[PDB]
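These notes are about the structure you will find just below.
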Amino acid sequence: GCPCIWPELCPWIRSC
């Protein structure tokens with residue numbers, strides 16, 4: 001899954 005806890009703060013992550 002996305003490594004970033006908050007996907008809203010990690011837009012550069014396709015997972016998020």
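All residue names refer to the structure tokens as shown: chains lettered A, B, ... in order, residues numbered from 1 in each chain, ligands numbered from 1 in order.
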
Exercise. Hey, what's within 10 Å of residue 15 of chain A if we count only C-alpha atoms and toss same-chain stuff fewer than 6 positions away? As a PyMOL selection string, please?
Worked result: chain A and resi 1-4+7
